[PDB]
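In the form solved without the ligand, a lone chain appears below as structure tokens.
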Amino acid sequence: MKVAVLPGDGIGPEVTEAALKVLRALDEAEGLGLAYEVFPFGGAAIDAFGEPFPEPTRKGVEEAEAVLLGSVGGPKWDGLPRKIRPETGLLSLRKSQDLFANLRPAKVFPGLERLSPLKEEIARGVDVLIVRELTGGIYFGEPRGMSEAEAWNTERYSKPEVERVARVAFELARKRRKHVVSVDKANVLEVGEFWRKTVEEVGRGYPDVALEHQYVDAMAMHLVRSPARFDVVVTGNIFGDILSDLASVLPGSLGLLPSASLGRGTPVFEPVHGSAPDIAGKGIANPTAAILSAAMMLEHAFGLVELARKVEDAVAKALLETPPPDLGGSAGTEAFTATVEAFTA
């Protein structure tokens, strides 16, 4: 259990420090032998090494079994050359560890439906996992350029690119409700066809898992009308963006969402929220996604699924019991974390 902690900027340290407080308490109670070391990353690393992902930090993650990420970015670095911008650092961490799967869970915990924008009956039972490809797609496709009267961007996918993500999706589904849904736009684009036949072809090795294809727009609507029926949803870069964001609102607020990026290298877990610079050091940040990030870390990086599910509910309990500001409450970072540590400990 060697974890490389990278607090980052803004509320990163506030919230990551909360997750570590929950980790250390589980460590004491069941003695998993946690071991962690924080490393400068993001804007911090810049203000100290002129680079967002300095070698010491680069070497820190390589040697760890998992990485616990905080927030990244802010005003102090917007005016810097994209080459070393805080965000391009996230890119180098993903590229360096060949992480290509982005796991974004959207779940409604029993007794919390009321917080959802959807009807109690529609929201009840939601538990979907959008698996998104992080390396390919339109975001990186070339050629890409601008002009006085024309703009172009190409969406391109390789065979090996699609196989892995698809394999992660199935593997993942095998451990859950065994239903995978591949989402594309094969009815119009060649890339969707390609994707479809490829996934189709890789799903052969997983007969025990039910594969179902859908178009992105059809899915856009199925995820609001019947979100409770899905399990694992695998899709491309941009589509995974549009779809993870959409699903992320089904539980209520955005600061409730963890994330993991799986690949061949060291796995990365991080909240899906930003630095929120202005509210830093104000004790009002919600560590929910941070803790939830440490739970996904426990289950997908260490296998402690029984334990991850343990902190998950302790968090659910706390959100209902003593809700934080952003969810209509007075419980600040410190307080909230107290309620959670209480149960997990």
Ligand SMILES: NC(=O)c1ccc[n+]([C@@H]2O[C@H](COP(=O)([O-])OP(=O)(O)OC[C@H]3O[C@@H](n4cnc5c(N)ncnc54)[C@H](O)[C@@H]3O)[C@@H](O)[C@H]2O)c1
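Don't overthink the numbering: it's just position in the shown sequence, from 1.
Below, we turn to the form deposited with the ligand bound, even though it does not appear here.
Stretch 285-293 is the contacting one of 285-293, 26-34, 59-67, 300-308, since its residues have non-hydrogen atoms within 4.5 Å of the ligand in the deposited complex. In the deposited complex, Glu121 stays away from the ligand, with no heavy atom inside 4.5 Å.
Taking the partner from the other structure, the ligand in the deposited complex has a heavy atom within 4.5 Å of a heavy atom of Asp278. Residue contact check for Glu87: one or more of its heavy atoms lie within 4.5 Å of the ligand in the deposited complex. At the 4.5 Å threshold, heavy atoms of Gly274 reach the ligand in the deposited complex. Proximity to the ligand in the deposited complex, defined as a heavy atom within 4.5 Å, holds among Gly136, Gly192, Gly255, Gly203 only for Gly255.
Checked against the ligand in the deposited complex, the candidates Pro105, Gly263, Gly74, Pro227 yield a single residue with a heavy atom inside 4.5 Å, and that residue is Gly74. Within 4.5 Å of the ligand in the deposited complex, a heavy atom is found for every one of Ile11, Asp78 and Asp326.
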